[PDB]
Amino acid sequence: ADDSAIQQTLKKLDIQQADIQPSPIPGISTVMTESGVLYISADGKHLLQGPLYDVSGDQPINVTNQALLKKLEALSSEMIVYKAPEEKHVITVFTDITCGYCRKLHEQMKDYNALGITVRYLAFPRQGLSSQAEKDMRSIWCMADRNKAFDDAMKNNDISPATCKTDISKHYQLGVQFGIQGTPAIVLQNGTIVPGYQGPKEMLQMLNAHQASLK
């Protein structure tokens, strides 16, 4: 429980605000940083990049992503949720309002919903945290009705500037930690990252096959 050597190493590496937790491997800690998950030996000497896999069972399990799912769920109050009336599936989408495929996706929201697919958005500026995309998405996420603000944004209408204590930079960072490198990126209940756009029909097909629904 003395993460001092690791912290000293992180300082020399100039990594700040990293979260150091144990890993399933003895003598190695899970280090979650703003640009990825690291695995570092307790002595501070050795460093591997994520993800960590558990290949003990019949099928490999992505340990790192299972851990990140809990980080994903602590953001639920910051999600813009488009709920399907009768809900068969729930996906979490990292989206960028400036992205043509994210637009294409969003334009069909009523169709995804009609097919039982609930969509939950987190902000992910492809061009990073200092982009206009980031600022405009910050305003959207600060509105009392995020859904309306998001809809109007996607309809190209002007975005009123707003700021509040909600920090969507944490959304971007979680996305980087999941290994996401573009939008839209789908997070399944089961932990899998599915890059890229899929229309309502393809999405449902993929979800019914890969995403167990006990129902």
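Residue numbers run from 1 along the displayed sequence.
Visitor: Quick one: higher average CA temperature factor, 171-179 or 151-159?
Guide: Higher of the two, by average CA B-factor, is 151-159.
Visitor: Looking only at CA atoms, which has the higher mean B factor in the entry: 17-25 or 190-198?
Guide: That would be 17-25.
Visitor: How does residue 120 rank on Cα B-factor within its chain, lowest, middle or highest third?
Guide: Its C-alpha B-factor, which the entry lists for residue 120, ranks in the lowest third among residues of this chain.
Visitor: Where does the C-alpha B-factor of residue 110 rank in its chain, lowest, middle or highest third?
Guide: Residue 110: CA B-factor falls in the middle third of its chain.
Visitor: Please place residue 73 in the lowest, middle or highest third of its chain according to the CA B-factor in the PDB entry.
Guide: Its C-alpha B-factor belongs to the highest third of this chain's values.
Visitor: Ranking every modelled residue in this chain by its Cα temperature factor as given in the entry, which third contains residue 92?
Guide: It falls in the bottom third of the chain.
Visitor: If you rank every modelled residue in this chain by C-alpha B factor, which third holds residue 98: lowest, middle or highest?
Guide: Lowest third - that is where residue 98 ends up once the chain's C-alpha B-factors are sorted.
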